[PDB]
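Reviewing the structure listed below.
4 protein chains.
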Amino acid sequence: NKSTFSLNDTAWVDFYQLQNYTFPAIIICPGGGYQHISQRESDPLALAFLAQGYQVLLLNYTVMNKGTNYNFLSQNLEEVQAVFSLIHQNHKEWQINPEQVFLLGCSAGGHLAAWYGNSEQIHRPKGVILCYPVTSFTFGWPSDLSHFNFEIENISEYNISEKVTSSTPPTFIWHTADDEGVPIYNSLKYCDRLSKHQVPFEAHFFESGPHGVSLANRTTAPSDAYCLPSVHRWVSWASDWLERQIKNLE
Amino acid sequence: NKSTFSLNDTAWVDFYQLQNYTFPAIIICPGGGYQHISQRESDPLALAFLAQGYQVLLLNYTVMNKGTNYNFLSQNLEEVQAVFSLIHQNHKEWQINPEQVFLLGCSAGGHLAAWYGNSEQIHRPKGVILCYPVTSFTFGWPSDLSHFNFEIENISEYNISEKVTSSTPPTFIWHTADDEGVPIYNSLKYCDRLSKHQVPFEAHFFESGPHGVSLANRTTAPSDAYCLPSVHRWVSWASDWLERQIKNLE
Amino acid sequence: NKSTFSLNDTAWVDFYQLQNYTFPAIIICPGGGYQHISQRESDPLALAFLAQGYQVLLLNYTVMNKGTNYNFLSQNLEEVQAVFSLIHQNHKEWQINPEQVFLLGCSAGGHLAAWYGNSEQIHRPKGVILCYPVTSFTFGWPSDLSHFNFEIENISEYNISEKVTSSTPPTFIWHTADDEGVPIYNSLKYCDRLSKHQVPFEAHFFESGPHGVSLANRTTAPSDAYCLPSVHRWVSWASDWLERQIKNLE
Amino acid sequence: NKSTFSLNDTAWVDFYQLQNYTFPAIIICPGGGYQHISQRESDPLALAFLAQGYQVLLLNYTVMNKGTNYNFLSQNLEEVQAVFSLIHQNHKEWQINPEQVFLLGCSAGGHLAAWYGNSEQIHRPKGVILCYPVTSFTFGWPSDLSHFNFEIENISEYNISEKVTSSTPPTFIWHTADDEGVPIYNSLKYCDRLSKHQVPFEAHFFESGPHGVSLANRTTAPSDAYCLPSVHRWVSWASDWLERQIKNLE
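Quick mapping for you: the protein sequence lines, in order, are chains D, C, B and A. So the first sequence is residues 15 to 34, 41 to 270, counted in the entry's author numbering. So the second sequence is residues 15 to 34, 41 to 270, counted in the entry's author numbering. So the third sequence is residues 15 to 34, 41 to 270, counted in the entry's author numbering. So the fourth sequence is residues 15 to 34, 41 to 270, counted in the entry's author numbering.
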């Protein structure tokens, strides 16, 4: 039902599997500002989909929580890539349909997602979902000009907004129109710079809700304010969206 | 059940009423590029809401379909205003709760809506909805630089995007991310320039769908492509949104 | 959009029509214990469907409200029949698809519906819906042994439960499990005596709710207790059911 | 997140727990004709709820799969009882709200559920759900007069239909109107003999679908016929129902 698989020196990859087929899997990228891994965006999130009928690959990509040296922002893309690789070779055993692998991410964890959303091969996700994602370190986030800042002059490079082209996979993006950790602009501008390239996508923007809202269910929420029923609707919208994509495969 | 009320020299105002109370009414602004009145955004639209439990005031605001002279773009705001006025005085007879009047508009008909969405009094809509609205005559629409163009140098004035402030009522905006008549940018940029002013709103953006989609139901659609079930979901989202606002009025 | 058509000496037949095709029509049978016509089960109900994309034929079948003599319970079946007849001949003008005509009824109005649900010809409804229907004058209703009682020894004949066979069309039945006007047994036993004949159907039974609940919307409800959001869900279930049947054709 | 707890000589009790509170837990009773434990009604079912925000206690009650001797049909009630007991004492650690414990069961697993649905104490479930349950060994099931038949003359005693009174907790019952393993009559008659006792409940009956349908999702279904989207709606209806009860408890 579950077993972890070591990736690199610092990169866990939890793999959730069940059994009734070739269930379409989906890799998740929990947020946490590259610092850590927002727990309330992992296991809980996993179950959600695992219950919605999806093999889950929760990626614990390297972050500033294991002795940070260089901008592993590049080393990450590798880690996620390694996941697909893992599938590409263990797709028979994993009971996964290699032609039905998607990528998920929220907050910063999203940034990596959109990032990986280009320049790859038989590791390209047929689609991605970005929950209140981070479009660029130039969009209200990182809040502090100098924090997780470990150099690298080229900052415009770490703006996955520009890195969007016609080849970019279909995406689902939602965001609370009051998220103080990261302005909706992130998702907003991203959509604009996503439609102009005739990229099929769906977007949803809720009135209010704090950053890291996740499922907005009593499963993912510290206080009461983090438990929003109206916002929780996304996990449902996303379900329909995904499957709507599956059907449009052959 | 229904009876029209003459407004100005050129401005019909269809008023739909039913009876079980003080049902919250809602004024609609059918699109049609100020040229005419998109029929597939009127009566059908009316019923939708009238069925969802709302008194309907379909406004047939003056357009280039009755001998156009001057930019009545100002004379319109008056017309819609007259509607509220009509309610403000006939709210007891109309069985309408004056404290529960909302404004609806789509495509260009939306532009007027957002426009009226500021600078008024006891004629201020507790909320508005804008279906693939027109934010400004500078956002991909009017397609032709010179068509419905009847002068008036000051063009930036007819951009209801800037005309959005903290006083702007809560709004619901959706748009098909491929509408060729008017780019999603309209609603998109609008949202951005709507959130920054801490204005509570909800947004939805569908993958594909032609302009004037309306209800996306076999009630509002010329061909098959104009009949989209996934898009039709907005009229449902909108219902919940509205009522969510009503409850938030006690 | 609407125009009535005289049927018999005493039998109105309101016909609601709209225009974008050949929209599937649906005849309705408002309840009212054969005494009158529950208004809160007519016009409001009509719009509901008319909005859900269906031509509506509201039948004002003869009742004890126009000088009652004999048990017109037979004369009714005629009236409804006449409706189909009307369609069969004016199906081109009515813009109705003759192969997509359904029957609706609630409370007693339902009894007639199920009744007509057998022994006919090119007037057979491809499906019927029965809102808290009356299965027989022997199922807790009529409450009074002697009221609308105008003789006719053969009472078992007026039990449309037995009158159900394999030929009976697919039906949708819902009922509030506390309806004091008529026990759920009506719909309950009906389902049993509906499944045994391998008749495809769908049923729903809500916890609580008074008789005549109709849409349970602020459109159909005298007091607050008659406004139930959870119950209102049926009009939505019914929508999907119907259309699920439409698709289940050519 | 998960750990089993031995109950009796032959009775596993899988306990699924998560952590953000006092989440309302729910015990499940997987079906399998008392012979075994329908796998497709356990773990998958658990996740569903565990994702819907519920602590899950999957009960692996004794069955003819571990050397059957006597009609443990009585020994079962004990096993389930022990579960509540376990909670009643470990409700603080389990992070469970003892005043919010519900019972679930399907097919035969349901029979036990309804059964336990009376004659107990601080182990009474505030509500129960029964997916295509078994009302009595006299309702089309057991199919064979002599199979799991291990004596016990008193057969009418094993009919949990009669065992329903005003004290019986609110229940949610659904059933496919074509289930060949067990006729809908089970749930049908049960509803009748459930309403007459003014017991608040909700029912749903789908047109078609084989026995053991479970979630009707690609998570619980051997072939394609066992994957029904329309039927899968129950797990959603159930969610709302349950929570509707939580709110309406305090």
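All C-beta atoms in this analysis are idealised placements derived from N, C-alpha and C, irrespective of residue type, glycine included.
By a beta-carbon distance limit of 8 Å, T82 (chain B) does not contact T18 (chain B). Their separation comes to about 15 Å.
Counting other Cβ atoms within 10 Å of its Cβ, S62 (chain C) reaches 16 or more and is therefore classed as buried. Taken through DSSP and simplified to helix, strand or coil, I180 (chain A) comes out as coil. In this structure, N22 (chain A) and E99 (chain A) form a Cβ contact; the two beta carbons are roughly 6 Å apart against a cut-off of 8 Å.
Using a CB distance cut-off of 9 Å, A197 (chain B) counts as an interface residue toward chain A. Here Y41 (chain A) is exposed: its Cβ has fewer than 16 other Cβ atoms, across all protein chains shown, within 10 Å. Taking each of B:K216, B:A68 and B:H167 in turn and checking the Cα distance to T88 (chain B), the smallest one comes out for B:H167. If one requires a minimum length of 4 residues, the alpha helix (DSSP H) runs lying completely within the region 44 to 91 of chain C are 63 to 71, in chain order. Taking 9 Å as the cut-off, the Cβ atoms of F122 (chain C) and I142 (chain C) do not count as close. Under the Cβ criterion of 9 Å, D244 (chain C) is not counted among the residues facing chain D. When C-beta atoms of the region 240 to 249 of chain A are compared with those of the region 114 to 128 of chain A, fewer than three pairs fall below 8 Å, so the two segments do not count as touching. If you check each beta-carbon in the region 102 to 126 of chain C against every beta-carbon of chain D, none falls closer than 9 Å. Taking 9 Å as the cut-off, the Cβ atoms of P162 (chain C) and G130 (chain C) do not count as close. Assignment of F159 (chain B) by DSSP, reduced to helix, strand and coil, places it in the coil class.
At least one CB of chain D lies nearer than 9 Å to the CB of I204 (chain C). Chain C places a beta carbon closer than 9 Å to that of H224 (chain D), counting this residue as a contact. When 7 Å is used as the limit between beta carbons, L32 (chain D) is near no residue of chain C, the shortest such separation being about 28 Å. Taking the C-beta atoms as reference points, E182 (chain A) is found nearer than 9 Å to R213 (chain A). Residues of the region 86 to 100 of chain A with a C-beta less than 8 Å from any C-beta of chain D: none at all. Within the region 198 to 250 of chain B, complete alpha helix (DSSP H) segments of at least 4 residues are found at 205 to 215, given in chain order. Cβ-Cβ distances below 6 Å link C211 (chain A) to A223 in the same chain, with the five nearest sequence neighbours on each side left out; the list follows chain order. Residues of chain D whose Cβ lies closer than 9 Å to the Cβ of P220 (chain C) are, in chain order, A197, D198, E227 and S228. The beta carbon of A258 (chain D) is closer than 7 Å to those of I149 and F192 in its chain, skipping five residues each way along the sequence.
Around the beta-carbon of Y90 (chain A), fewer than 16 other beta-carbon atoms lie within 10 Å, marking it exposed. Not a single C-beta of chain B is nearer than 9 Å to the C-beta of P189 (chain A). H195 (chain B) sits in a strand when the DSSP states are folded into three classes. In the DSSP assignment, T18 (chain C) forms a beta bridge with C:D28. Following the DSSP letters along the chain, one finds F122 (chain D) inside the beta strand (DSSP E) bounded by residues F122 to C126.
For the set C:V251, C:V219 and C:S105, the Cα lying nearest the Cα of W194 (chain C) is the one of C:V251. Exclusion of the five residues before and after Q265 (chain B) leaves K146, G147 and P190 as the residues of its chain whose Cβ lies within less than 7 Å of its Cβ. Counting along the chain, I149 (chain D) sits inside the beta strand (DSSP E) bounded by residues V148 to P153. Distance from the Cα of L79 (chain A) is smallest, within the candidate group A:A66, A:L70, A:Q72 and A:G73, for A:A66.
Sorting B:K216, B:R60 and B:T196 by C-alpha distance to the C-alpha of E200 (chain A) places B:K216 at the top. A buried status is given to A133 (chain A), since no fewer than 16 other beta-carbon atoms sit within 10 Å of its beta-carbon. Taking all protein chains shown into account, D164 (chain A) has fewer than 16 neighbouring C-beta atoms within 10 Å of its C-beta and is therefore exposed. The beta carbon of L214 (chain A) falls within 9 Å of a beta carbon belonging to chain B, placing the residue at that interface.
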